[PDB]
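Asker: Starting off with a structure, shown below.
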Amino acid sequence: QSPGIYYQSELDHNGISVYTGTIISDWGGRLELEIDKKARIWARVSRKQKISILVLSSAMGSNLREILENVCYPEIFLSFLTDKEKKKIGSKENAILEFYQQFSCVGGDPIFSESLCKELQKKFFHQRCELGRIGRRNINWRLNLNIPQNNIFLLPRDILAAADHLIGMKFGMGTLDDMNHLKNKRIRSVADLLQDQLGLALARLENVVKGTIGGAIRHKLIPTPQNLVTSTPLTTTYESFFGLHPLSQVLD
Amino acid sequence: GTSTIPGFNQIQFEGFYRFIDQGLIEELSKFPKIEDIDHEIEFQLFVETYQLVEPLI
Amino acid sequence: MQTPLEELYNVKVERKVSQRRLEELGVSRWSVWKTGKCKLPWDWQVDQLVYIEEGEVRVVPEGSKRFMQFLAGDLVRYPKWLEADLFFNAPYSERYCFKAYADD
Amino acid sequence: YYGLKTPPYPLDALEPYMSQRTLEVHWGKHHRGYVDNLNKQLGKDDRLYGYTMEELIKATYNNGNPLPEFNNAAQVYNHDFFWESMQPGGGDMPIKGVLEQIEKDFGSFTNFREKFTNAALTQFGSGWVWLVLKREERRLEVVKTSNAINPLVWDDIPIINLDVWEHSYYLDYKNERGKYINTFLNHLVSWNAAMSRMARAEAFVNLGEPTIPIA
Amino acid sequence: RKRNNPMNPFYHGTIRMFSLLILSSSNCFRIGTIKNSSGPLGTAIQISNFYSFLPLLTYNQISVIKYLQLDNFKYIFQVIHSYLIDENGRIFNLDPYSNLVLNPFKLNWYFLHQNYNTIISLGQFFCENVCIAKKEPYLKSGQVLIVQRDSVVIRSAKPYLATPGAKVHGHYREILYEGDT
Amino acid sequence: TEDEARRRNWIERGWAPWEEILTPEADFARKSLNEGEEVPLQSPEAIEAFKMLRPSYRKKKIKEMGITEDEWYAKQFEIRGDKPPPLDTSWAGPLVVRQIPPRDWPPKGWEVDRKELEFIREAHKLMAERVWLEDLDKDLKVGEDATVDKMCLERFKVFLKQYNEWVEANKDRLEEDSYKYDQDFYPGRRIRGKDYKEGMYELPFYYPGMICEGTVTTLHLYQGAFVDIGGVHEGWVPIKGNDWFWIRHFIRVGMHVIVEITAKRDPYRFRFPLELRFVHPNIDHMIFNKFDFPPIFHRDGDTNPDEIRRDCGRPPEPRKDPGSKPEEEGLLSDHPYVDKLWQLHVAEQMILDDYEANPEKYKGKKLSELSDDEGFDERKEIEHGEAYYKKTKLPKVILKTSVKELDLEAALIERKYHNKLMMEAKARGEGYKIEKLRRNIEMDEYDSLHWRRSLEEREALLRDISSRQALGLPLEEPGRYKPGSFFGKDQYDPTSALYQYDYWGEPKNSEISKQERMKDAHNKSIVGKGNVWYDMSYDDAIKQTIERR
Amino acid sequence: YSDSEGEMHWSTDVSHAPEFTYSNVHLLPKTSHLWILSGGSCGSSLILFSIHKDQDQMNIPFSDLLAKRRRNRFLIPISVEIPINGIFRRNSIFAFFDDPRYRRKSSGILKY
Amino acid sequence: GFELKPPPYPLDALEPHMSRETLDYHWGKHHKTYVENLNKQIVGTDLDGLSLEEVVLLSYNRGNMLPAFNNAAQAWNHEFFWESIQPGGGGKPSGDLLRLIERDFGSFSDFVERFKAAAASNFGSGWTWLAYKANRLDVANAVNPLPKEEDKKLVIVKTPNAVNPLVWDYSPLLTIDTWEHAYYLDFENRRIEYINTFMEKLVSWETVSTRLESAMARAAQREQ
Ligand SMILES: [Fe+3]
Ligand SMILES: [Fe+3]
């Protein structure tokens with residue numbers, strides 16, 4: 001499936017239509033935007049971890065004032081504002097901590113720290129917020145956005161713009177996305193598969209060097225640059241890519 | 001392939017050539033300038049100096 | 001187009017100005033601005049009378065593909081808000097009088 | 001060229017509300033001076049000559065950078081509009097078309113008079129006070145402006161004119177402009193002229209409502 | 001600004017706006033006294049009884065009830081009475097009960113036309129095979145855009161039949177591109 | 001509700017219930033699908049529509065009605081719905097006219113007798129003479145006392161003779177220009193070819209305020225009614241949109257009307273030079289859709305939008321308001337000619353240095369009589385190029401320079417003054433540093449002139465601001481610098497939060513991160529691990545050491 | 001689907017009120033024909049909204065002595081370092097001067 | 001709280017140049033009203049205590065005039081105008097004032113004709129001023145490192161309504177009230193006659209010279 005935003009609707013047990021918009025990143029990260037029975041929008045991440053849009057929007061710093069103005073229905077978002085969520089929304093950090101609590105489902109109050117954001121960024125921002133060149137292209141089209149091509153990251157406007165169509169499409173405005181359409185696909189050739197393994201090869205080399213530079217430093221020696229790098233990372237990860245990867249097959 | 005049937009291996013041929021031109025440089029970048037905890041010893045790569053030599057076998 | 005640039009942009013030209021008008025305006029007691037081959041991008045946020053005695057200037061308004069040809073001995077009043085491009089192909093020297101509202 | 005048009009009344013017809021001495025100076029040389037100065041300027045340029053009175057006012061206004069001819073041309077129009085804006089035995093209440101338009105765009109005539117007076121009371125320096133018809137908004141408004149400027153430069157049709165230049169009233173009232181404004185609205189304002197001006201403006205504004213079929 | 005700038009003179013279709021559409025030949029097509037003559041009657045002058053710089057010359061059923069002063073009730077005329085004033089101030093009519101005007105070009109009096117006391121209408125929509133006469137070709141689908149002496153110009157339009165319960169996707173006069181629902 | 005929605009559609013979106021003339025098939029489809037999919041048709045209209053599907057039945061029906069087929073076809077094109085109330089066009093007093101020559105006479109580029117023109121122009125002052133309705137009875141000449149010979153129209157006769165001379169002189173050129181500029185004929189264009197008749201009035205024969213007798217010739221749904229008033233160009237009454245739904249009952253092709261010229265325009269720029277209004281019949285109460293600006297042509301010679309919008313009366317192209325006041329900004333003192341002065345200065349210095357290095361070349365030839373190489377072009381004095389430096393293809397610009405525009409003698413004398421004084425300083429065991437040369441003084445004086453320009457323009461601007469704020473005149477050009485949200489609701493402002501992905505920090509693969517680490521590597525190879533002692537301004541470096549030396 | 005580009009028109013039998021207060025979807029109480037009035041496309045034209053207006057007829061398609069300092073610009077004929085890409089980012093070091101008065105040919109440590 | 005001071009000359013001393021009726025109405029009905037309105041406005045505001053020059057420069061607000069600018073500026077200009085007229089006025093100046101008038105205008109006749117033309121051409125209510133060019137702008141790079149002593153000259157300026165040269169940091173020296181209320185009761189619309197009578201009978205060259213010396217002193221004290 002190609003990166004971008006995809007709109008789907010599935011019937012519930014009673015046949016009530018439930019619409020859904022899904023963000024697909026450059027690495028398969030799916031960010032599901034759903035409308036529940038009470039019209040409350042939840043940025044579902046896993047089968048259990050459920051997070052509201054306002055907490056997620058204020059997690060990055062979207063002030064509660066501007067969220068209402070940029071949508072056609074400020075009332076819908078304001079109706080779901082419990083007095084507990086408003087206090088956490090009012091400050092940027094309290095939204096981050098509450099977002100961490102709902103995303104991680106961990107009992108207790110986390111402390112705001114630089115490592116917490118970095119730990120969240122690798123798990124959440126690194127896997128679920130980088131669209132890529134292709135992902136930006138589709139989002140500019142499907143959400144009808146005049147955003148520059150070089151922006152390869154999921155801009156906060158896209159989420160708020162997506163919620164406009166998601167609620168708007170519920171009232172007959174637009175058509176659902178065809179998931180089996182070839183315009184929603186991508187083809188990965190040997191160019192993408194060999195380049196990706198090079199991403200693993202060099203990341204495997206830095207861990208070799210880090211152990212090597214630390215080992216030689218503890219001996220107070222001056223190591224030549226050749227001896228800090230061995231050929232095993234590149235050679236083995238390509239030797240084991242053709243051996244083990246299912247997409248690498250023996251020529252018939 | 002505008003006026004003739006294209007080569008049946010042209011997709012493999014063009015993909016691999018794309019990897020050599022842009023795949024190596026785009027991936028030899030992003031390689032961190034490795035520094036120790038003490039910041040005494042800094043190891044880095046000069047990606048513009050990258051080369052490939054023809055196989056010996 | 002059919003209409004010359006001077007009429008379109010409201011530029012007063014008093015070519016071969018007589019001595020009477022020059023002494024009435026007090027041009028002889030004005031300052032001298034000099035330039036050689038250069039190019040001045042300017043926007044006239046104020047009126048300005050200009051008398052050219054030596055040199056030639058070709059004036060190109062913003063976006064225009066034509067120019068207004070001004071020689072020596074001409075009295076020119078550049079209007080307020082004009083966004084033109086001054087061009088010089090030779091040593092040039094002129095006398096000025098920036099004019100505010102009313103005045104002269 | 002434009003001739004000096006006399007007011008539609010004898011110069012003593014406004015007594016005692018406006019003394020004849022004011023009439024003979026406001027029209028004898030004041031209004032005559034603007035007329036004679038304009039004709040000399042129009043005798044030199046064959047391009048400004050040829051425009052209509054309204055076209056000349058807007059063309060010489062030059063989008064907020066008035067040409068030297070703007071002051072004379074605009075003041076000729078304003079004084080001619082001012083004389084017709086006043087009639088012998090004026091004042092009282094407007095009737096029929098001007099009546100309902102005033103009470104629609106201002107709430108009532110009582111709200112109109114206070115708004116009109118404050119425009120003249122707060123006009124600092126020599127200028128004019130206008131009751132005009134907004135072309136795009138299709139409503140009556142009270143507009144204050146200074147010097148020779150008239151709402152023709154905004155493509156609005158004037159209806160009623162009042163002159164708050166000092167030379168217009170510095171004899172019978174001097175610095176007592178406040179009661180001069182009140183006297184103008186009580187004894188001299190011509191609402192008969194406002195009817196036809198709002199009738200001429202109907203050729204361009206159409207303050208009415210369309211007939212829409214039920215189908 | 002122009003100052004902060006861090007070349008050298010020495011060296012079809014009609015716009016339709018309300019959103020823009022171009023009307024051209026790709027969508028509009030054509031289907032189909034002295035002698036009285038049309039011309040100027042002079043420059044009307046201000047009548048001071050009406051306090052108007054440019055004369056009104058006429059009312060309508062809405063303006064006459066709205067902007068007619070009491071003293072001008074007698075001056076409304078159901079027919080045209082044309083006068084003429086020359087450079088010296090004299091007034092000429094040549095008849096007080098007829099329609100006589102002067103031709104500025106030939107300098108001679110003449111009469112007006114009425115004393116001023118087709119099949120296809122403008123804006124109508126047609127189907128693809130609507131007949132107008134037995135000896136005439138069938139009309140094409142579209143709206144009547146121009147009406148002339150012996151012809152009309154049609155802006156082509158395509159009708160779409162819709163049963164009750166159908167849902168129109170768009171407001172009135174909304175621009176639809178090819179392939180839009 | 002479905003009463004105000006319809007009104008809003010009519011007013012804001014131009015809706016009108018135009019009659020749809022349908023074929024029997026389409027009429028049957030509309031009348032029969034209202035009942036059901038496959039049902040026995042019961043509504044009598046559907047039964048009749050089913051019967052009308054056969055034209056033989058229609059022919060029998062019309063034969064029974066005793067009418068021919070032609071007007072039955074014409075009966076289809078009948079206006080449905082209610083009819084508007086009839087028009088009672090009441091005249092406001094008698095029609096009092098006067099033969100006044102047009103004010104714009106003569107046309108531009110046409111020379112006539114100035115005495116005759118001034119005699120003509122005396123008639124224009126007659127607009128100030130007042131006419132009272134209670135006065136057209138004292139000297140009413142009726143009959144033989146109102147004959148043309150008794151008229152006093154001498155100024156108009158002078159205008160007529162000048163007009164006839166101009167027409168006979170310019171008639172063919174105007175038709176040639178019309179053929180050259182206007183490919184096809186349209187109402188409002190010049191009537192040319194076999195359609196032209198002698199005696200058609202030209203445009204300078206007309207002027208706003210004239211009352212004309214004419215015939216309606218063309219009805220356009222988006223433009224209005226076109227009236228032939230005896231000229232070579234038709235008149236135009238602007239009517240468009242919904243207004244034609246009711247006005248079509250009253251304004252129809254072929255009827256005679258009374259029209260007043262409201263405006264006369266240039267046919268080259270404006271589509272309809274003559275703009276009219278209907279005097280009789282009066283439809284001012286029925287016209288709601290108004291033209292913001294009279295439509296114009298977009299010619300092939302129109303390459304600048306500003307020239308177009310100045311040829312007509314249209315506003316300038318708007319742009320975002322910079323938000324910085326023009327008098328609070330600092331004055332400018334960088335004269336644009338200094339760059340040429342700098343180039344000449346460095347050229348002279350390099351020539352002098354070469355002369356000092358290799359003096360034997362300049363033997364037997366006066367320096368002032370130098371010649372350029374065979375091929376030195378003055379039209380290619382700047383050529384862009386690229387060069388490699390430290391494995392970097394940094395751009396390079398070659399500034400060509402002759403020797404004629406250089407004061408070689410003065411530069412050589414000045415250098416000899418330095419070299420002689422440098423030798424004296426060397427002989428004294430000292431060093432001499434030149435503060436600035438002659439060309440630097442020239443640059444300084446040119447900058448003084450430019451800064452004087454800036455200061456006087458700024459003071460004039462301040463006086464203008466005071467006068468305008470005291471008089472209400474606009475500060476900046478109207479129609480320019482529109483406020484916010486004018487350029488579409490969707491605007492990408494990177495500084496906003498709703499477009500900033502730095503919420504959890506700059507991504508390590510982000511473009512800024514790539515540049516951020518690149519400069520540190522660039523800096524680290526320059527300085528290293530040392531600590532910043534302190535930072536001082538550049539102007540402070542200029543100041544302190546001069547005191548020291 | 002719209003076979004050609006144009007603007008929508010209906011005369012009767014289409015409700016002028018949208019079915020939902022913020023949509024553009026209208027219902028047909030009865031049977032009617034929906035018209036599409038063909039028109040040319042603006043497409044990717046830039047337009048101006050100042051010169052292009054209704055009914056316009058478009059006949060056209062849509063050592064210091066040799067150095068200098070100026071506004072946000074300066075010239076240089078002390079050693080100057082220019083980055084590989086030739087691009088400077090904020091707070092960068094391009095010129096460094098190794099003053100001879102603090103050069104030492106001996107070894108030791110630096111105190112400050 | 002400002003106060004209105006009487007003119008330093010008897011109300012009957014300006015005949016036949018300015019009638020007593022005109023003088024008393026202009027002073028106690030225009031200037032008095034302006035001063036009293038300003039005092040009413042400045043009750044309880046920050047403006048209290050500051051001198052009138054500071055009042056005008058504060059109320060100018062660099063263009064977006066505060067509501068109190070009109071009354072204060074009119075009061076200051078009227079105070080200036082009374083001090084510039086004396087019964088023994090007219091004639092010609094002398095000394096440095098005359099050498100400066102010769103330097104900036106060539107001859108005295110040239111200056112007086114330019115001043116008369118400016119006063120006559122002032123359209124609408126306003127003033128015509130003669131001022132010393134000792135202005136400093138509120139922008140950097142507005143300092144001239146090489147003054148030529150000619151940039152501080154005497155210039156003729158015209159202002160509408162209550163505008164005075166001090167808003168541009170100028171030093172007013174002489175004014176003539178072109179507001180029609182100043183002369184309508186005497187000269188009506190005959191503005192040329194009023195200007196000629198003012199210039200030849202009411203111009204107090206002593207006050208103009210003292211103001212020129214004060215402007216020179218201000219420039220000198222700003223020099224260091
Ligand atoms: Fe007046
Ligand atoms: Fe005063």
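Going by the structure tokens order, chains are called A, B, ..., each with residues numbered from 1, while ligands are numbered from 1 in the order shown.
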Which of range 4-173 of chain H counts as alpha helix (DSSP H) under DSSP, as a PyMOL selection string please?
Answerer: chain H and resi 20-25+32-41+52-60+69-83+96-105+108-121
Asker: Which residues are near range 33-50 of chain B? Cut-off 8 Å, only C-alpha atoms, ignore same chain within fewer than 5 positions. Put them as a PDB file with N, CA, C and O atoms, in the first residue's frame.
Answerer:
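Okay, around.pdb is ready:
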```
ATOM      1  N   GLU A 206      28.400   1.202  12.242  1.00  0.00           N
ATOM      2  CA  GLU A 206      28.625   2.180  13.303  1.00  0.00           C
ATOM      3  C   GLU A 206      28.717   1.503  14.665  1.00  0.00           C
ATOM      4  O   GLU A 206      29.491   1.932  15.528  1.00  0.00           O
ATOM      5  N   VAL A 209      32.189   0.133  14.831  1.00  0.00           N
ATOM      6  CA  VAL A 209      33.180   1.175  15.086  1.00  0.00           C
ATOM      7  C   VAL A 209      33.100   1.656  16.530  1.00  0.00           C
ATOM      8  O   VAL A 209      34.129   1.861  17.184  1.00  0.00           O
ATOM      9  N   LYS A 210      31.883   1.844  17.051  1.00  0.00           N
ATOM     10  CA  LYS A 210      31.732   2.347  18.414  1.00  0.00           C
ATOM     11  C   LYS A 210      32.398   1.421  19.422  1.00  0.00           C
ATOM     12  O   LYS A 210      33.067   1.884  20.353  1.00  0.00           O
ATOM     13  N   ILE A 213      36.295   1.925  18.611  1.00  0.00           N
ATOM     14  CA  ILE A 213      36.905   3.161  19.091  1.00  0.00           C
ATOM     15  C   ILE A 213      36.983   3.162  20.611  1.00  0.00           C
ATOM     16  O   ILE A 213      37.964   3.635  21.194  1.00  0.00           O
ATOM     17  N   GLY A 214      35.956   2.633  21.278  1.00  0.00           N
ATOM     18  CA  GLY A 214      36.002   2.538  22.727  1.00  0.00           C
ATOM     19  C   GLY A 214      37.066   1.574  23.212  1.00  0.00           C
ATOM     20  O   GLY A 214      37.717   1.815  24.232  1.00  0.00           O
TER      21      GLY A 214
ATOM     22  N   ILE B  25      25.127   7.012  -2.610  1.00  0.00           N
ATOM     23  CA  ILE B  25      25.369   8.329  -2.028  1.00  0.00           C
ATOM     24  C   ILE B  25      24.304   8.661  -0.992  1.00  0.00           C
ATOM     25  O   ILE B  25      24.613   9.150   0.102  1.00  0.00           O
ATOM     26  N   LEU B  28      25.306   6.329   1.929  1.00  0.00           N
ATOM     27  CA  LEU B  28      26.579   6.652   2.561  1.00  0.00           C
ATOM     28  C   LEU B  28      26.490   7.924   3.387  1.00  0.00           C
ATOM     29  O   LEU B  28      27.278   8.102   4.321  1.00  0.00           O
TER      30      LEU B  28
END
```
Asker: When you look at residue 19 in chain E with a cut-off of 10 Å (counting only C-alpha atoms), what residues show up, excluding the ones that are within fewer than 3 positions of it in the same chain? I need them as a PyMOL selection string.
Answerer: (chain E and resi 16+174-175) or (chain G and resi 42)
Asker: I need the chosen residues saved as a compact mmCIF listing (two decimals), in the first residue's frame, with N, CA, C and O atoms.
Answerer:
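Written file, selection.txt:
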```txt
# COMPACT_ATOMS: atom_id res chain seq x y z
N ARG E 16 -16.14 34.58 -18.39
CA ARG E 16 -17.38 34.53 -17.62
C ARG E 16 -17.01 34.36 -16.15
O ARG E 16 -16.48 33.31 -15.76
N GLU E 174 -22.62 25.92 -10.12
CA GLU E 174 -21.34 25.42 -9.66
C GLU E 174 -20.55 24.83 -10.82
O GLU E 174 -21.11 24.16 -11.70
N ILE E 175 -19.25 25.08 -10.82
CA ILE E 175 -18.38 24.64 -11.91
C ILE E 175 -18.05 23.17 -11.72
O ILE E 175 -17.53 22.77 -10.68
N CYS G 42 -10.31 27.54 -17.17
CA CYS G 42 -9.16 28.32 -16.71
C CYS G 42 -7.94 27.43 -16.57
O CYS G 42 -6.82 27.84 -16.91
```
Asker: Kindly work out which residues sit at most 8 Å from ligand 2, using only C-alpha atoms and all ligand atoms, and give the list as a CSV table (one decimal) with N, CA and C atoms, in the first residue's frame.
Answerer:
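New file pocket_32.csv:
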```
chain,number,residue,atom,x,y,z
H,26,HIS,N,-11.2,86.2,17.6
H,26,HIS,CA,-10.2,85.2,17.3
H,26,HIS,C,-9.5,84.7,18.6
H,30,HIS,N,-11.9,81.5,19.7
H,30,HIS,CA,-11.2,80.4,19.0
H,30,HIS,C,-10.1,79.8,19.9
H,31,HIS,N,-9.1,80.7,20.3
H,31,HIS,CA,-8.0,80.2,21.1
H,31,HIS,C,-8.5,79.9,22.5
H,74,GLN,N,-3.5,73.6,17.9
H,74,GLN,CA,-4.2,74.9,17.6
H,74,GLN,C,-3.8,75.9,18.7
H,77,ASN,N,-0.1,76.9,18.0
H,77,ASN,CA,0.0,77.8,16.8
H,77,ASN,C,-0.6,79.2,17.0
H,78,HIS,N,-1.7,79.2,17.8
H,78,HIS,CA,-2.3,80.6,18.1
H,78,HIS,C,-1.4,81.4,19.0
H,177,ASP,N,-1.6,83.1,9.7
H,177,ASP,CA,-2.8,82.2,9.8
H,177,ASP,C,-3.6,82.3,8.6
H,178,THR,N,-3.6,81.3,7.7
H,178,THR,CA,-4.4,81.2,6.5
H,178,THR,C,-5.8,80.6,6.8
H,179,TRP,N,-6.1,80.2,8.0
H,179,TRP,CA,-7.4,79.9,8.4
H,179,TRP,C,-8.3,81.1,8.1
H,181,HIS,N,-11.0,82.1,9.5
H,181,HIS,CA,-11.4,82.8,10.6
H,181,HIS,C,-10.5,83.9,11.1
H,182,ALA,N,-9.2,83.9,10.7
H,182,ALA,CA,-8.3,84.9,11.1
H,182,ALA,C,-8.5,86.3,10.4
```
Asker: Could you tell me, counting only C-alpha atoms and all ligand atoms, which protein and nucleic acid residues lie no more than 7 Å from ligand 1, written as number ranges by chain?
Answerer: D: 26, 30-31, 79, 163, 165, 168
Asker: Keeping only C-alpha atoms, write the selected residues as a short mmCIF file (atom, residue, chain, number, x, y, z; two decimals), in the first residue's frame.
Answerer:
```
data_model
loop_
_atom_site.label_atom_id
_atom_site.label_comp_id
_atom_site.auth_asym_id
_atom_site.auth_seq_id
_atom_site.Cartn_x
_atom_site.Cartn_y
_atom_site.Cartn_z
CA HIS D 26 -19.82 82.61 -1.05
CA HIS D 30 -15.79 82.21 -3.63
CA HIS D 31 -17.79 80.05 -6.04
CA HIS D 79 -20.96 74.58 -4.36
CA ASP D 163 -20.65 73.27 3.82
CA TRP D 165 -15.98 75.78 5.54
CA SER D 168 -19.62 79.80 4.50
#
```
Asker: Residues of range 31-209 of chain A classed as strand (DSSP E) by DSSP on the backbone are to be reported as a list in words.
Answerer: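 Selecting the strand (DSSP E) positions of range 31-209 of chain A gives residues 31, 32, 33, 34, 35, 41, 42, 43 and 44 of chain A.
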Asker: Within 6 Å of chain A, which residues of chain B come that close, and what is the closest atom pair and distance in Å for each? Count only C-alpha atoms and give it as a Markdown table.
Answerer:
```
| residue | atom | partner | partner_atom | distance |
| --- | --- | --- | --- | --- |
| B:15 | CA | A:191 | CA | 4.8 |
| B:16 | CA | A:191 | CA | 5.4 |
| B:19 | CA | A:191 | CA | 5.0 |
| B:23 | CA | A:195 | CA | 5.5 |
```
Asker: Might you pull out every residue within 7 Å of residue 134 in chain H, with only C-alpha atoms counted and same-chain residues fewer than 4 positions away left off, and present them as a ChimeraX atom specification?
Answerer: /H:152,169-171,219
Asker: Distance cut-off 10 Å, counting only C-alpha atoms - which residues of chain E neighbour chain C? Return them as a PyMOL selection string.
Answerer: chain E and resi 1-11
Asker: Just the selected residues (C-alpha atoms), exported as a CSV table (one decimal), in the first residue's frame, please.
Answerer:
```
chain,number,residue,atom,x,y,z
E,1,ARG,CA,10.3,47.0,-2.2
E,2,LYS,CA,12.0,48.3,-5.4
E,3,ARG,CA,14.7,49.9,-3.2
E,4,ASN,CA,15.8,46.7,-1.6
E,5,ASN,CA,16.5,45.1,-5.0
E,6,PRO,CA,20.2,44.2,-5.0
E,7,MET,CA,16.0,44.0,-19.3
E,8,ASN,CA,18.3,46.8,-20.3
E,9,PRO,CA,16.4,49.2,-22.6
E,10,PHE,CA,19.7,50.4,-24.2
E,11,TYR,CA,20.6,46.8,-25.1
```
